[PDB]
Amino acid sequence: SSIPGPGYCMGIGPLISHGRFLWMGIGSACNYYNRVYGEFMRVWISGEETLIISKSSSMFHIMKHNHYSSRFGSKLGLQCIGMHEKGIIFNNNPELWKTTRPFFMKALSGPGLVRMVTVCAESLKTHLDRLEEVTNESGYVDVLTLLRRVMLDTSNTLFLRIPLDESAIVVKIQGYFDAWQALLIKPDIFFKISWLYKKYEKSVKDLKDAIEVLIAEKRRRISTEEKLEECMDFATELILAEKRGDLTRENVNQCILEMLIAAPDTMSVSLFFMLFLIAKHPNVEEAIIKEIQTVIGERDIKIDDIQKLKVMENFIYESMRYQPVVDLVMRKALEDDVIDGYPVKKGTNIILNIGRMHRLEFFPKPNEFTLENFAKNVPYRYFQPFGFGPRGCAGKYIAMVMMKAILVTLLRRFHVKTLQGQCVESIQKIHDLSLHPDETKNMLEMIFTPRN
């Protein structure tokens, strides 16, 4: 088969598509192009031919194989934010990615994943006793900020554990994400004219500088430590590899940065959407509270509990299915291949539109929010909210643990009301790199009223 998608009008086809991405935002552009042309189609971002694909088979093929274990984006943009061949998230150097990832993978599983369940709970508790920091005169909680703060505190105390300005760093993290999102697929042209990106350049510097203070402190503590054997966090593992020959300081410093931002960027917005769903679906809220009573009572949440929380698990999966945050995944072809029908040369970019695929493929009632969609054990080849394979989400296991931990410990204690008729559907969303609330609008607050 030849490849569907708009005409290559001898060099105008690329400019409209890229412009459309820049104009619409990556997510809505992908959805537009999949709705117009096929669920497997071609488009251009800068030069590079870039496939936008929603077919479950292609998704599976692509994520399954090692020769798609790269992403893509502006080299000038990635350099600007420090992800060019440095971290893991947008580190597209295969060998350098290959050696860095294992650090992330160790820290996000085994004993750290077990520690996480109580670290996550204790963090939320402490922030729920300080609700004055987040609540209005009219009782409106800034949930986004609350969640971002506990997610940061959580990440810090598990992976780095240096004291920090929670409030300031959360703002800086948002600044960094905005920049990352802004520059990821900007054309080279953009980067010449400098009163168009210094804005972003400074947001990056602010976060990078703030984190350099913390890693500096962390460096001192490691050098003057007695029991080096006993207390081995992520940041330390990295720093010790730098002290062997294995890693660059620059690379370490980005990995630490990338681990701290991860949860605040994605969990906060995911749980935000999950709370608006619980607010407007009392049928499900009871099922969850019932389950929590059966399973936990008023014992502290414990690792053994999380497997048992089956209803909440389905709620999480359906929330992510129905109203995602990470609705699309950027990959790159490292070797030539035939993919379903069509041929894909190496260097071809790929945007897997997993958000669309979860409304087209396996599910009984795809366009409404119901736990009926997860009544029958869903095969992992029809529902990848995290991705899988050699470059799937490194947080995928611990993320589910963390989301259960915070939902339990919040709902345990509080009923959650949304303002007005507001719901996930009526919230106005930006749909660019991720899918998140447009925070220049308002009515995004909630009300926490107790229980018993």
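The first residue of the shown sequence is 1; numbering continues from there.
Undergrad: Per the PDB record, is the mean Cα temperature factor higher over 416 to 424 or over 396 to 404?
TA: So the stretch with the higher mean C-alpha B-factor is 416 to 424.
Undergrad: Could you check which stretch, 289 to 297 or 317 to 325, carries the larger mean CA temperature factor in the entry?
TA: Per the PDB entry, the higher value belongs to 289 to 297.
Undergrad: Looking at the C-alpha B-factor values in the deposited entry, which of 175, 282, 82, 264 comes out highest?
TA: That would be 282, according to the entry.
Undergrad: Which one, 149, 302, 331, 101, has the peak C-alpha temperature factor per the PDB entry?
TA: It is 302.
Undergrad: Mind checking which third residue 245 falls in for C-alpha B-factor across the chain?
TA: It belongs to the middle third of the chain when residues are ordered by C-alpha B-factor.
Undergrad: Using the temperature factors of the C-alpha atoms in this entry, rank residue 95 within its chain: lowest, middle or highest third.
TA: Residue 95: CA B-factor falls in the middle third of its chain.
Undergrad: Give the position of residue 230 by CA B-factor within its chain, expressed as the lowest, middle or highest third.
TA: It belongs to the highest third of the chain when residues are ordered by C-alpha B-factor.
Undergrad: Sorting the chain's modelled residues by C-alpha B-factor, tell me whether residue 44 ends up in the lowest, middle or highest third.
TA: For residue 44, the deposited C-alpha B-factor lands in the highest third.
Undergrad: Taking the C-alpha B-factors as the PDB entry records them, is residue 311 in the lowest, middle or highest third of its chain?
TA: According to the entry, residue 311 has a C-alpha B-factor in the chain's highest third.
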